[PDB]
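Asks: My questions all concern the structure below.
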Amino acid sequence: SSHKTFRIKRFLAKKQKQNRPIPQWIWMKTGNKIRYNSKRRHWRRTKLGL
Amino acid sequence: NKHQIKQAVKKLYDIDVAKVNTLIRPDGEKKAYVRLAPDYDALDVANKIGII
Amino acid sequence: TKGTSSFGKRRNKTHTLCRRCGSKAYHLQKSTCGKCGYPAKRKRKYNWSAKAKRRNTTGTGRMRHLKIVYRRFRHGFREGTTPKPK
Amino acid sequence: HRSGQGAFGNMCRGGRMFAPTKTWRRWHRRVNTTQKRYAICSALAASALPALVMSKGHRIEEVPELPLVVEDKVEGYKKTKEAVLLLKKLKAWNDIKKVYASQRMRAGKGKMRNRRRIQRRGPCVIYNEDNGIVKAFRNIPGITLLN
Amino acid sequence: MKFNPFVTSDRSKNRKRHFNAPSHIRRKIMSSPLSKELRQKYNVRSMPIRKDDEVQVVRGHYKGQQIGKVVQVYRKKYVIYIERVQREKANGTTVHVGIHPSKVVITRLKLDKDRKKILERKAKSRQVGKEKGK
Amino acid sequence: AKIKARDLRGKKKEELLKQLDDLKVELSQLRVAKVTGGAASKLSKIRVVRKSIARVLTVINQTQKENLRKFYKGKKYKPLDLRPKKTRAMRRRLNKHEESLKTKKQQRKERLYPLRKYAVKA
Amino acid sequence: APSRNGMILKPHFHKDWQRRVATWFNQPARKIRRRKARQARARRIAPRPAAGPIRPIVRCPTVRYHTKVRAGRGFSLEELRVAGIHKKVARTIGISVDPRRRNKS
RNA sequence: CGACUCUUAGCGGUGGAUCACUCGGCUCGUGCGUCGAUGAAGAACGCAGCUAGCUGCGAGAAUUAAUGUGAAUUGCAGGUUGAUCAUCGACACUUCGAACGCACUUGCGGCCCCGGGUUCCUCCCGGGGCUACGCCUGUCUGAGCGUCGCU
RNA sequence: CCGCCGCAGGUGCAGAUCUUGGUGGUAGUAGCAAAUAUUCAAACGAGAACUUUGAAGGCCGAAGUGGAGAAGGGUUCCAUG
RNA sequence: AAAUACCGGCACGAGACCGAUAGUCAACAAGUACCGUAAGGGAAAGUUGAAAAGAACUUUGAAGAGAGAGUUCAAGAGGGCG
RNA sequence: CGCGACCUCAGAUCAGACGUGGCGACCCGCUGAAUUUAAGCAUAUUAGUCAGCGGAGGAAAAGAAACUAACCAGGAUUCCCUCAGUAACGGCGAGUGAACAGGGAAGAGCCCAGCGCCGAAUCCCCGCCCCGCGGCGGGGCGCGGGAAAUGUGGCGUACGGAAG
């Protein structure tokens, strides 16, 4: 809710930052294995824990 | 703290501060609105520190 | 009215994040981590879960001290000396 | 994906194999010392008679004698150039050329299990005293030294 | 055979060690033969390959007597790029073509204070082994 | 500029602090240029200045502790930073004096009956 | 269930025996390490006998065996006494000493 | 007649078997046999010019010093008196955690020394060092109509 | 990669409401039906029964389909593409 | 003390073993994603080519997509492609 | 009343140390089932086994006879081979079940209290000096402080010991 702790807000901050797509210059490295970010987490589908 | 910010900007920019107001962003980083006492203009200082 | 109707009233968290294991198994009323037993001095483990032990054993974290120990062993815990200068 | 699949039982994907292989299977077999010497005196006796040796595929139509009992200064040798030159002069070399020509690639999973190449077995040099004969002869592909 | 119990002849192990080698071992892996003039001069068989050597290509499509200067040593790829060995792409611009340093022969060295000490040390330890033999 | 450590290890205690401050200033000037989004030549100098800070700092710390642990050498009690950290159990063991101790019973025994060097004839 | 005439067997395998199977793949490495430690010692105590000290003559007890002779543990004190060796010098010049042995005969 | 359906064959699909490969396992053997209040294992949060994960690391943060080494790193930029690697003995090592001022909000104390308000002189601000339990040897301060002693 | 002579086995499938993956017929089928209701023009556009603007006709009818919170959610907020 | 034990740990060497529905649950960002209030449960997923030489340019279309050219021994190997 | 001695206790952020928690294949001490077998079942069996609790080490535990034997006697402990599916236990049913002797692997032995004699001959710690110790140690120095006769050290232990 609007009412948050410091621990929860740091926690939700890390999950926002982690939920960006991969850069396009990583798909051209010599060990080209990662195609796309398989750890994308949408608010409505998967509920983050807590 | 606001006290440490108000000492820092004064020491780092040769300035004077009316008040400091802080909020912690959803990035997990603080953003501090440092209002200056009327002896100094924000736009006069913005140029010399190098933001425009 | 024991299923889909009664799942509408689920808005009160019993487990929060423990402060040793970080796992969401710190019971709030009891005030005890139902995973690692936090207020207890000793770590909660049992031999009936060989799987649960290998998830949280010594080879699953960083080991920032215990890896320099293994490195530092191989020269008999030398200290104070340096290599010969140029 | 695993939820409600099928875990144990040999037929199932995953599941342990039927009668899982143990490490207390009887690997070794012991033989009577009399039989072991009966077998070695019959392995030596067949080496003498050149119909049996030629039927093994050893190319020895130029060896002057089947026993090829060489001098005792064979054991004093110290170079593979002496060891090949000796086999040239005794005319056993065309057996080593047959082993060279046999040097081929194996067929199957043996290749990824550190047995990549195969070849033929050559002349079996029996010596008395080792004064560099093993060092001289071991680099020739096919020779087995024995005591 | 190899008689040392502390050296491995396992296929997978030697393959992993070759592909996970650090740069200073990839240097040595990527040595090239010296040309016959340079061998009779220096008494050295091979040298680790360097940025500004002049070199002949021996095997593959780009072989011949053409002495090209090296311009990149790609250790992550185990390939080297030479002056005029190139290939035209669709959009007209040219690319360099990675040759393994084994399929290549040094016709001129890039000589320093340090490379000269490697040469001397190699040529010296050569004769010490030679006089143990003869 | 490539600021080495060999040169920093022969300068005065007040000089190195000034050099750290003008480096911190220099970084604080580059990090504004990073956010204005200008000059890619000055996004490459963020690593160079940060490592030049780390070099002049580790030179300060190393000269300070080599000075303290020399002054504290000829003394029984020294702080726990400067005491030897081998493993915990290895600190709990007895000294090379307390090993070499042997009771007056033994000292007389191995005076009277030492172990002889002998050989049997066959 | 028994088929015909055949021996009536009682295999001792009703416990969890598979957990406590002791396999002898150690053996040729156990023999090598013993032979290693043996030669190491034999070189360590350099001119002294490799077997160690001299063991005395001893009759096997129990009528089944008393027609034989073994090596005993160590020389009785009343054998050292009448041989004229001190019990604390004997062990230092390579003579095994047993303080428990009586001399009936 | 044709459509429709059936069978076979050619080519094209759908699907990913077979075959060949293997920086991974499984098993057996050998040498060693080392954590932690001098803060462990484990957690959390952070750190790159462009960086989500993996990996590495700790506000000196994909690494500093040192040694060995000898010209790279490389997806794209950018700029031999030692680039880069490995080694690692010097320095460093945020917040939880046995977890240590008291509580787990990072909330509120105390005790001494510094520096801002000022050129110690009080409240306010910032920095530093102490402030857990149990126990051992000694030390200081005591308690007792416990046992005595002397006026 | 295979023949011959020996050697060893986790050695031969149609079935087990067998395991895992894959595809059929049914089948362009059942269906896309709770709570009154949509319409004319214009704009942007390659493209409009559904967007947006206007005009009309309607519904919720202040115990609301309206304005604000608590718990829960965690960037869903806002702009531009 | 020595001789004995050792599926944990650091390091090695090997195999008549398995060869991606097998062999560890894990050959890959695997104790990962995901599920459960929690204890706990727990996957799938290897291969272009020798070398990206990964298809400039013309042309139809709003575009996905095509048609010609072009590289290669080969696209009857076209980016999840032996 | 008062003042020192002693004993029995408190309190300290007093001086200086030490313990806690982790891992847990192997090792030591406790606690300790039921599946199952007996063609049912209750004693038995599974089994002093799984789960639970504590404590360690590079190994641990054991160990120098209050032993085995009945011999022409053996001589600490541990491990292997055999003794041996044996002597023995058992609704004497199902089942369970060692030891001595013998051959080796290894081999190693010792110390207190007590009894007694040596002027407590003994030990810990502070303060100053010198060498010099990343295992805090040796020397000099002190009418410096304490421990200790409610017994420290030397001699000495069942194989005998001590004095003359």
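Identifiers for the structure tokens are assigned positionally: chains receive A, B, ... in sequence, residues are indexed from 1 per chain, and ligands are indexed from 1 in the order shown.
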For residue 54 of chain H, list every protein, DNA or RNA residue within 12 Å, evaluated using only C-alpha atoms (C1' of nucleotides), and leave out those in the same chain fewer than 3 positions away; present the list as a list in words.
Replies: residues 33 and 34 of chain A; 62 of chain H; 28, 29, 30 and 32 of chain J
Asks: Write out as a list in words the residues lying within 12 Å of residue 49 of chain D, counting only C-alpha atoms (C1' of nucleotides) and excluding same-chain residues fewer than 6 positions away.
Replies: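 Here the answer would be residues 42, 43, 55, 56, 60, 65, 66 and 67 of chain D.
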Asks: With N, CA and C atoms kept, could you save the residues just selected as a PDB file, in the first residue's frame?
Replies:
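Okay, part-v2.pdb is ready:
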```pdb
ATOM      1  N   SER D  42      52.733 -73.587 -23.736  1.00  0.00           N
ATOM      2  CA  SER D  42      51.652 -73.796 -24.742  1.00  0.00           C
ATOM      3  C   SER D  42      51.454 -72.488 -25.514  1.00  0.00           C
ATOM      4  N   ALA D  43      51.627 -71.356 -24.827  1.00  0.00           N
ATOM      5  CA  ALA D  43      51.786 -70.007 -25.414  1.00  0.00           C
ATOM      6  C   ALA D  43      53.234 -69.821 -25.891  1.00  0.00           C
ATOM      7  N   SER D  55      49.714 -67.989 -39.119  1.00  0.00           N
ATOM      8  CA  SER D  55      48.226 -68.002 -39.031  1.00  0.00           C
ATOM      9  C   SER D  55      47.727 -66.943 -38.035  1.00  0.00           C
ATOM     10  N   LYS D  56      48.612 -66.370 -37.211  1.00  0.00           N
ATOM     11  CA  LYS D  56      48.317 -65.176 -36.371  1.00  0.00           C
ATOM     12  C   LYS D  56      48.390 -63.911 -37.236  1.00  0.00           C
ATOM     13  N   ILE D  60      56.603 -63.091 -41.335  1.00  0.00           N
ATOM     14  CA  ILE D  60      57.933 -63.653 -40.937  1.00  0.00           C
ATOM     15  C   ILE D  60      58.386 -64.700 -41.968  1.00  0.00           C
ATOM     16  N   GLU D  65      65.510 -67.953 -38.665  1.00  0.00           N
ATOM     17  CA  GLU D  65      65.037 -69.006 -37.728  1.00  0.00           C
ATOM     18  C   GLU D  65      63.782 -68.504 -37.007  1.00  0.00           C
ATOM     19  N   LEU D  66      62.885 -69.432 -36.658  1.00  0.00           N
ATOM     20  CA  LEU D  66      61.629 -69.070 -35.949  1.00  0.00           C
ATOM     21  C   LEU D  66      61.948 -68.591 -34.535  1.00  0.00           C
ATOM     22  N   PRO D  67      62.775 -69.304 -33.740  1.00  0.00           N
ATOM     23  CA  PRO D  67      63.180 -68.806 -32.419  1.00  0.00           C
ATOM     24  C   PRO D  67      63.961 -67.477 -32.439  1.00  0.00           C
TER      25      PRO D  67
END
```
Asks: With a cut-off of 8 Å and counting only C-alpha atoms (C1' of nucleotides), select all residues of chain H in contact with chain E and give the selection as a PDB file with N, CA and C atoms (P, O5', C5', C4', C3', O3' and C1' of nucleotides), in the first residue's frame.
Replies:
```pdb
ATOM      1  P     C H  23      34.284 -31.407 -24.923  1.00  0.00           P
ATOM      2  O5'   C H  23      34.020 -30.653 -23.541  1.00  0.00           O
ATOM      3  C5'   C H  23      34.745 -30.992 -22.338  1.00  0.00           C
ATOM      4  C4'   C H  23      34.857 -29.796 -21.423  1.00  0.00           C
ATOM      5  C3'   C H  23      33.563 -29.354 -20.745  1.00  0.00           C
ATOM      6  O3'   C H  23      33.770 -28.891 -19.414  1.00  0.00           O
ATOM      7  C1'   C H  23      34.428 -27.577 -22.031  1.00  0.00           C
ATOM      8  P     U H  69      59.890 -12.718 -15.119  1.00  0.00           P
ATOM      9  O5'   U H  69      58.697 -12.722 -16.174  1.00  0.00           O
ATOM     10  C5'   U H  69      58.103 -13.953 -16.625  1.00  0.00           C
ATOM     11  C4'   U H  69      56.798 -13.678 -17.335  1.00  0.00           C
ATOM     12  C3'   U H  69      56.885 -12.831 -18.594  1.00  0.00           C
ATOM     13  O3'   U H  69      57.209 -13.665 -19.706  1.00  0.00           O
ATOM     14  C1'   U H  69      55.089 -12.078 -17.217  1.00  0.00           C
ATOM     15  P     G H  70      58.312 -13.213 -20.779  1.00  0.00           P
ATOM     16  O5'   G H  70      57.551 -12.096 -21.618  1.00  0.00           O
ATOM     17  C5'   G H  70      56.450 -12.462 -22.468  1.00  0.00           C
ATOM     18  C4'   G H  70      55.646 -11.245 -22.873  1.00  0.00           C
ATOM     19  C3'   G H  70      56.257 -10.372 -23.963  1.00  0.00           C
ATOM     20  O3'   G H  70      55.240  -9.823 -24.796  1.00  0.00           O
ATOM     21  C1'   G H  70      56.074  -9.123 -21.962  1.00  0.00           C
ATOM     22  P     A H  71      55.520  -9.583 -26.353  1.00  0.00           P
ATOM     23  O5'   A H  71      54.207  -8.820 -26.837  1.00  0.00           O
ATOM     24  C5'   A H  71      52.914  -9.457 -26.807  1.00  0.00           C
ATOM     25  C4'   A H  71      51.816  -8.417 -26.784  1.00  0.00           C
ATOM     26  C3'   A H  71      51.766  -7.470 -27.985  1.00  0.00           C
ATOM     27  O3'   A H  71      50.425  -7.210 -28.393  1.00  0.00           O
ATOM     28  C1'   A H  71      52.023  -6.219 -25.991  1.00  0.00           C
ATOM     29  P     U H  84      45.506  -3.113 -18.769  1.00  0.00           P
ATOM     30  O5'   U H  84      45.504  -4.637 -19.232  1.00  0.00           O
ATOM     31  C5'   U H  84      44.881  -5.062 -20.460  1.00  0.00           C
ATOM     32  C4'   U H  84      45.335  -6.459 -20.818  1.00  0.00           C
ATOM     33  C3'   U H  84      45.056  -7.528 -19.772  1.00  0.00           C
ATOM     34  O3'   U H  84      43.722  -8.011 -19.935  1.00  0.00           O
ATOM     35  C1'   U H  84      47.301  -7.715 -20.560  1.00  0.00           C
ATOM     36  P     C H  85      42.993  -8.817 -18.754  1.00  0.00           P
ATOM     37  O5'   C H  85      43.532 -10.301 -18.954  1.00  0.00           O
ATOM     38  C5'   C H  85      43.633 -11.229 -17.855  1.00  0.00           C
ATOM     39  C4'   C H  85      44.752 -12.209 -18.114  1.00  0.00           C
ATOM     40  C3'   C H  85      45.217 -13.020 -16.913  1.00  0.00           C
ATOM     41  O3'   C H  85      44.402 -14.181 -16.740  1.00  0.00           O
ATOM     42  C1'   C H  85      47.097 -12.067 -17.980  1.00  0.00           C
ATOM     43  P     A H  86      43.444 -14.337 -15.458  1.00  0.00           P
ATOM     44  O5'   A H  86      44.365 -15.116 -14.416  1.00  0.00           O
ATOM     45  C5'   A H  86      44.750 -16.482 -14.655  1.00  0.00           C
ATOM     46  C4'   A H  86      46.194 -16.707 -14.278  1.00  0.00           C
ATOM     47  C3'   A H  86      46.497 -16.690 -12.787  1.00  0.00           C
ATOM     48  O3'   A H  86      46.158 -17.934 -12.185  1.00  0.00           O
ATOM     49  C1'   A H  86      48.119 -15.409 -13.937  1.00  0.00           C
TER      50        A H  86
END
```
Asks: Given a cut-off of 6 Å, which residues of chain B touch chain A, counting only C-alpha atoms, written out as a compact mmCIF listing (two decimals) with N, CA and C atoms, in the first residue's frame?
Replies:
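This is the output file selection_34.txt:
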```
# COMPACT_ATOMS: atom_id res chain seq x y z
N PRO B 26 11.68 5.60 -6.05
CA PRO B 26 11.48 4.16 -6.26
C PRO B 26 12.67 3.44 -6.93
N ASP B 27 13.77 4.16 -7.21
CA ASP B 27 15.06 3.61 -7.69
C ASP B 27 15.89 3.11 -6.50
N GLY B 28 15.58 3.56 -5.28
CA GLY B 28 16.36 3.29 -4.06
C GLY B 28 17.51 4.28 -3.90
```
Asks: What lies within 12 Å of residue 39 of chain B using only C-alpha atoms (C1' of nucleotides), ignoring chain neighbours under 5 positions off, as a PyMOL selection string?
Replies: chain B and resi 14-18+44-45
Asks: Please dump the current selection as a compact mmCIF listing (two decimals), in the first residue's frame; keep N, CA and C atoms.
Replies:
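Resulting contents of result_23.txt:
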```txt
# COMPACT_ATOMS: atom_id res chain seq x y z
N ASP B 14 30.53 26.98 -2.52
CA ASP B 14 30.69 28.33 -1.91
C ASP B 14 29.35 29.07 -1.98
N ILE B 15 28.34 28.55 -1.27
CA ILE B 15 26.90 28.89 -1.44
C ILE B 15 26.29 29.17 -0.06
N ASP B 16 25.00 29.51 -0.01
CA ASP B 16 24.18 29.57 1.23
C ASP B 16 22.78 29.00 0.94
N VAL B 17 22.24 28.21 1.87
CA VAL B 17 21.04 27.35 1.67
C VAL B 17 19.92 27.82 2.59
N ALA B 18 18.72 28.02 2.03
CA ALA B 18 17.47 28.33 2.75
C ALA B 18 17.03 27.09 3.53
N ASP B 44 22.64 31.34 -11.77
CA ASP B 44 24.03 31.86 -11.72
C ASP B 44 24.98 30.71 -11.36
N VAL B 45 24.56 29.81 -10.45
CA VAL B 45 25.39 28.70 -9.91
C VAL B 45 25.36 27.50 -10.87
```
Asks: Please, which residues of chain D lie no more than 10 Å from chain H when the count uses only C-alpha atoms (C1' of nucleotides), and can they be set out as a count of residues only?
Replies: 4
Asks: Could you list, as JSON, numbers by chain, every residue of chain E that has an atom within 10 Å of an atom of chain J, counting only C-alpha atoms (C1' of nucleotides)?
Replies: {"E": [5, 6, 7, 8, 9, 10, 60, 87, 88, 89, 90, 91, 92, 93, 95, 97, 98, 99]}
Asks: I need the helix (DSSP H, G or I) residues of chain B per DSSP on the backbone, written as a list in words.
Replies: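 The helix (DSSP H, G or I) residues within chain B come out as residues 2, 3, 4, 5, 6, 7, 8, 9, 10, 11, 12, 13, 42, 43, 44, 45, 46, 47, 48 and 49 of chain B.
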Asks: Next, write the just-selected residues to a file, as a PDB file, in the first residue's frame, keeping N, CA and C atoms as the atom set.
Replies:
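Final file, result.pdb:
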```
ATOM      1  N   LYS B   2      19.800  15.810   6.069  1.00  0.00           N
ATOM      2  CA  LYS B   2      19.617  17.178   5.500  1.00  0.00           C
ATOM      3  C   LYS B   2      20.747  18.103   5.977  1.00  0.00           C
ATOM      4  N   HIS B   3      21.161  17.960   7.240  1.00  0.00           N
ATOM      5  CA  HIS B   3      22.259  18.737   7.874  1.00  0.00           C
ATOM      6  C   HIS B   3      23.572  18.504   7.116  1.00  0.00           C
ATOM      7  N   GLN B   4      23.896  17.246   6.800  1.00  0.00           N
ATOM      8  CA  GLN B   4      25.144  16.864   6.080  1.00  0.00           C
ATOM      9  C   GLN B   4      25.107  17.404   4.641  1.00  0.00           C
ATOM     10  N   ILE B   5      23.939  17.375   3.982  1.00  0.00           N
ATOM     11  CA  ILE B   5      23.723  17.945   2.614  1.00  0.00           C
ATOM     12  C   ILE B   5      23.993  19.452   2.682  1.00  0.00           C
ATOM     13  N   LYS B   6      23.379  20.132   3.652  1.00  0.00           N
ATOM     14  CA  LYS B   6      23.406  21.612   3.792  1.00  0.00           C
ATOM     15  C   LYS B   6      24.834  22.094   4.084  1.00  0.00           C
ATOM     16  N   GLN B   7      25.649  21.291   4.783  1.00  0.00           N
ATOM     17  CA  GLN B   7      27.103  21.557   5.006  1.00  0.00           C
ATOM     18  C   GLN B   7      27.892  21.288   3.717  1.00  0.00           C
ATOM     19  N   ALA B   8      27.562  20.206   2.999  1.00  0.00           N
ATOM     20  CA  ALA B   8      28.293  19.704   1.807  1.00  0.00           C
ATOM     21  C   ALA B   8      28.210  20.721   0.661  1.00  0.00           C
ATOM     22  N   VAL B   9      26.992  21.073   0.235  1.00  0.00           N
ATOM     23  CA  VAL B   9      26.731  22.038  -0.879  1.00  0.00           C
ATOM     24  C   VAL B   9      27.400  23.381  -0.556  1.00  0.00           C
ATOM     25  N   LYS B  10      27.326  23.829   0.703  1.00  0.00           N
ATOM     26  CA  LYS B  10      27.980  25.072   1.197  1.00  0.00           C
ATOM     27  C   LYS B  10      29.498  24.955   1.011  1.00  0.00           C
ATOM     28  N   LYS B  11      30.077  23.787   1.312  1.00  0.00           N
ATOM     29  CA  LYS B  11      31.541  23.535   1.230  1.00  0.00           C
ATOM     30  C   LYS B  11      31.970  23.305  -0.227  1.00  0.00           C
ATOM     31  N   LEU B  12      31.110  22.708  -1.065  1.00  0.00           N
ATOM     32  CA  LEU B  12      31.472  22.239  -2.434  1.00  0.00           C
ATOM     33  C   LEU B  12      31.141  23.283  -3.511  1.00  0.00           C
ATOM     34  N   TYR B  13      30.299  24.282  -3.224  1.00  0.00           N
ATOM     35  CA  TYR B  13      29.844  25.288  -4.223  1.00  0.00           C
ATOM     36  C   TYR B  13      30.014  26.740  -3.736  1.00  0.00           C
ATOM     37  N   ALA B  42      20.169  30.364  -8.280  1.00  0.00           N
ATOM     38  CA  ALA B  42      20.347  28.966  -8.738  1.00  0.00           C
ATOM     39  C   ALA B  42      20.911  28.947 -10.165  1.00  0.00           C
ATOM     40  N   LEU B  43      20.410  29.823 -11.045  1.00  0.00           N
ATOM     41  CA  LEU B  43      20.791  29.869 -12.484  1.00  0.00           C
ATOM     42  C   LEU B  43      22.217  30.414 -12.635  1.00  0.00           C
ATOM     43  N   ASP B  44      22.636  31.345 -11.768  1.00  0.00           N
ATOM     44  CA  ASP B  44      24.032  31.859 -11.716  1.00  0.00           C
ATOM     45  C   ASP B  44      24.979  30.709 -11.356  1.00  0.00           C
ATOM     46  N   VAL B  45      24.559  29.810 -10.455  1.00  0.00           N
ATOM     47  CA  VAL B  45      25.394  28.698  -9.907  1.00  0.00           C
ATOM     48  C   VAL B  45      25.358  27.497 -10.866  1.00  0.00           C
ATOM     49  N   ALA B  46      24.207  27.215 -11.490  1.00  0.00           N
ATOM     50  CA  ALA B  46      24.006  26.088 -12.436  1.00  0.00           C
ATOM     51  C   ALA B  46      25.068  26.118 -13.544  1.00  0.00           C
ATOM     52  N   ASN B  47      25.372  27.307 -14.076  1.00  0.00           N
ATOM     53  CA  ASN B  47      26.335  27.512 -15.193  1.00  0.00           C
ATOM     54  C   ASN B  47      27.756  27.152 -14.733  1.00  0.00           C
ATOM     55  N   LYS B  48      28.198  27.682 -13.586  1.00  0.00           N
ATOM     56  CA  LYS B  48      29.601  27.548 -13.097  1.00  0.00           C
ATOM     57  C   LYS B  48      29.886  26.104 -12.646  1.00  0.00           C
ATOM     58  N   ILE B  49      28.890  25.358 -12.140  1.00  0.00           N
ATOM     59  CA  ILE B  49      29.057  23.911 -11.782  1.00  0.00           C
ATOM     60  C   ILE B  49      28.986  23.070 -13.067  1.00  0.00           C
TER      61      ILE B  49
END
```
Asks: Pick from J:22, J:62, J:38, J:6: nearest to residue 17 of chain D, with only C-alpha atoms (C1' of nucleotides) counted?
Replies: J:22
Asks: Write down, as a list in words, each residue of chain J that has any atom within 12 Å of an atom of chain A, counting only C-alpha atoms (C1' of nucleotides).
Replies: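 Listed by rising number, the hits are residues 28, 29, 32, 33, 34, 35, 36, 37, 45, 46, 52, 54, 79 and 80 of chain J.
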Asks: Hey, could you make a per-residue contact list for chain D against chain I with 12 Å as the cut-off, showing the nearest pair of atoms and its distance in Å to one decimal, counting only C-alpha atoms (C1' of nucleotides), sorted by chain and number, as CSV?
Replies:
```
residue,atom,partner,partner_atom,distance
D:1,CA,I:20,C1',11.4
D:2,CA,I:20,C1',10.8
D:4,CA,I:19,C1',11.8
D:5,CA,I:19,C1',8.3
D:6,CA,I:19,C1',7.0
D:7,CA,I:19,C1',9.3
D:8,CA,I:19,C1',10.3
D:9,CA,I:19,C1',9.2
D:10,CA,I:19,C1',9.1
D:11,CA,I:19,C1',5.9
D:12,CA,I:19,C1',4.0
D:13,CA,I:19,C1',5.4
D:14,CA,I:19,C1',8.8
D:15,CA,I:19,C1',9.4
D:16,CA,I:10,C1',10.9
D:17,CA,I:10,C1',7.2
D:18,CA,I:10,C1',7.6
D:19,CA,I:10,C1',8.5
D:20,CA,I:10,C1',8.1
D:21,CA,I:10,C1',7.9
D:22,CA,I:10,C1',11.8
D:27,CA,I:8,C1',11.0
D:55,CA,I:5,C1',11.9
D:56,CA,I:5,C1',10.8
D:104,CA,I:1,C1',11.6
D:105,CA,I:1,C1',9.6
D:106,CA,I:1,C1',8.8
D:107,CA,I:1,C1',6.2
D:108,CA,I:1,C1',8.6
```
Asks: Write to file, as an mmCIF file, in the first residue's frame, the residues of the selection just made, with C-alpha atoms.
Replies:
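Saved the output as selection-v8.cif:
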```cif
data_model
loop_
_atom_site.group_PDB
_atom_site.id
_atom_site.type_symbol
_atom_site.label_atom_id
_atom_site.label_comp_id
_atom_site.auth_asym_id
_atom_site.auth_seq_id
_atom_site.Cartn_x
_atom_site.Cartn_y
_atom_site.Cartn_z
ATOM 1 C CA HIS D 1 6.182 -29.009 -15.993
ATOM 2 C CA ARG D 2 7.152 -31.903 -13.585
ATOM 3 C CA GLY D 4 1.923 -34.830 -11.924
ATOM 4 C CA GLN D 5 4.323 -36.665 -14.321
ATOM 5 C CA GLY D 6 5.770 -39.986 -12.980
ATOM 6 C CA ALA D 7 8.922 -40.182 -10.846
ATOM 7 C CA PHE D 8 10.173 -43.697 -9.802
ATOM 8 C CA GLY D 9 9.748 -46.987 -11.748
ATOM 9 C CA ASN D 10 12.097 -48.095 -14.584
ATOM 10 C CA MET D 11 9.513 -47.510 -17.421
ATOM 11 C CA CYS D 12 9.070 -43.759 -16.533
ATOM 12 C CA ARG D 13 11.097 -40.831 -17.987
ATOM 13 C CA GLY D 14 13.426 -39.982 -15.113
ATOM 14 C CA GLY D 15 13.074 -42.961 -12.690
ATOM 15 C CA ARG D 16 15.962 -45.250 -11.603
ATOM 16 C CA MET D 17 17.071 -47.989 -14.121
ATOM 17 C CA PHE D 18 15.907 -51.645 -13.561
ATOM 18 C CA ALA D 19 18.313 -53.356 -11.052
ATOM 19 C CA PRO D 20 20.736 -50.395 -10.690
ATOM 20 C CA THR D 21 24.379 -51.516 -11.314
ATOM 21 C CA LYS D 22 26.346 -51.995 -8.005
ATOM 22 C CA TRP D 27 34.811 -57.907 -11.273
ATOM 23 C CA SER D 55 48.226 -68.002 -39.031
ATOM 24 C CA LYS D 56 48.317 -65.176 -36.371
ATOM 25 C CA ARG D 104 43.536 -46.623 -38.073
ATOM 26 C CA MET D 105 40.596 -44.971 -36.159
ATOM 27 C CA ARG D 106 38.272 -46.931 -33.736
ATOM 28 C CA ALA D 107 34.470 -47.368 -34.393
ATOM 29 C CA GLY D 108 32.075 -46.076 -31.655
#
```
Asks: Please check the contacts: residues of chain J at most 8 Å away from chain D, using only C-alpha atoms (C1' of nucleotides), listed as a PyMOL selection string.
Replies: chain J and resi 15+21+42-44
Asks: What does the distance between atom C1' of residue 89 of chain K and atom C1' of residue 33 of chain K come to in Å, to one decimal place?
Replies: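 Between atom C1' of residue 89 of chain K and atom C1' of residue 33 of chain K the gap is 23.9 Å.
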Asks: What are the residues of chain A lining chain I at 9 Å or less? Count only C-alpha atoms (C1' of nucleotides), and put the answer as a count of residues only.
Replies: 7
Asks: Could you list, as a VMD selection string, the residues of chain D having an atom within 12 Å of chain E when counting only C-alpha atoms?
Replies: chain D and resid 78 to 79 110 to 116 135 138 to 141
Asks: Could the residues of chain C within 10 Å of chain F, counting only C-alpha atoms, be given as number ranges by chain, please?
Replies: C: 69, 72-73, 76-80
Asks: Using Å and a single decimal, report how far atom CA of residue 58 of chain G sits from atom CA of residue 70 of chain G.
Replies: 5.6 Å
Asks: Please, which residues of segment 1-132 of chain D, numbered as in this document, come out strand (DSSP E or B) from DSSP, as a PyMOL selection string?
Replies: chain D and resi 104-105+117-118+124-126
Asks: My list of candidates is H:76, H:37, H:96, H:114. Which is closest to chain C when distances are computed with only C-alpha atoms (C1' of nucleotides)?
Replies: H:96
